[PDB]
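In structure tokens, the next block holds one chain alone, the form deposited in one PDB entry.
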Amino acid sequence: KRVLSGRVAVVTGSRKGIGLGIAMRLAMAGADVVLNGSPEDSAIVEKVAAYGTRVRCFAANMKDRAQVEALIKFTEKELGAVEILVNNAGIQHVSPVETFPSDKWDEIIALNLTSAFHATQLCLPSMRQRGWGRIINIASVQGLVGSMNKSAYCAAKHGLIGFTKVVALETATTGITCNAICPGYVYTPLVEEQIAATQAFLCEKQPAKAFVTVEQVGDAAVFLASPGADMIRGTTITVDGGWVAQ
């Protein structure tokens, strides 16, 4: 059939942007998918279901451990065990450090690190029992280098890469792998608001002078979830048009 046929994937933060694109590519590769995050919502789900797999949606606030638990238990009831966990936070706040609001710092750290930790903690026992798993953490180039005015985001994304390494090491002798994807600039509403002058925005950071697409990030997730990635453990797949190469 298809490379991920039968596999059950959960994508946190899959309502729009990168998370939705990852969900689409996973379903396109054959995975059943749970979208976390209402007529428009039904339209979005139908679009994911166009790839012929079982699609579900859930509305867990990823900052509340009880609701993350409910997301996992919902998936187990509906589709069976969570085999592919994609930790995708999807929030940003741009500010110099001196005026960076404390609550925005806390929110970015909470949703990138602590939420990924709680979801992973809840999913690992089943994956160990079943002898297989994929934890795919959606980091950023900002998890490998710094950028001005993105202190909380760079700290959170660096942290998520560190977490990734530890989870991979603790599972290295199993059928479970944990890795991170590090996208450069992807065309999203936030990036559109910051910005013709697309070229100046890209030229500063992204030598390809073009955007990464949500499809390309999804393709990286599919690769990490494939059998050819069985021995890819604790690493980054950077999809960034050359950002980190310079």
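Numbering starts at 1 and runs along the sequence shown.
- Deposited sequence between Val45 and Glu46: no residues lack coordinates (chain continuous).
- In terms of unmodelled positions of the deposited sequence, the stretch from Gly37 to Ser38 in this entry skips 1 to 3 residues.
- Averaged over their C-alpha atoms, the temperature factors of 206-214 and 49-57 are higher for 49-57.
- The stretch with the higher mean CA B factor, choosing between 154-162 and 123-131, is 123-131.
- The PDB entry assigns its highest CA temperature factor, among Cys178, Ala66, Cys182, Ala220, to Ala66.
- If you compare the C-alpha temperature factors of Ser226, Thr235, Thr238, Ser14 in the entry, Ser14 comes out highest.
- Among the modelled residues of the chain, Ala168 sits in the lowest third by CA temperature factor in this PDB entry.
- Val3: CA B factor lies in the highest third for its chain, per the PDB record.
- Among the modelled residues of its chain, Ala110 has a C-alpha B-factor that falls in the middle third, as given in the PDB entry.
- Placement of the Cα temperature factor of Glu83 within the chain: lowest third of the modelled residues, per the deposited record.
FYI, the form deposited with a small molecule bound isn't displayed, but the following is about it.
- Against the small molecule in the deposited complex, the set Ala89, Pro183 and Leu190 is in full contact: each member has a heavy atom within 4.5 Å.
- Only one of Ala220, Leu202, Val48, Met62 lies close to the small molecule in the deposited complex, with a heavy atom inside 4.5 Å, and it is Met62.
- For the options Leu79, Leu124, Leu111, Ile161, the one in contact with the small molecule in the deposited complex, meaning a heavy atom within 4.5 Å, is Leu111.
- With the small molecule omitted here, the record of contacts in the deposited complex names 138-146 of 167-175, 96-104, 124-132, 138-146, defined by a heavy atom within 4.5 Å.
- Proximity of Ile18 to the small molecule in the deposited complex falls within the 4.5 Å heavy atom cutoff.
- Contact annotation: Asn36 falls within 4.5 Å of the small molecule in the deposited complex, judged by heavy atom distances.
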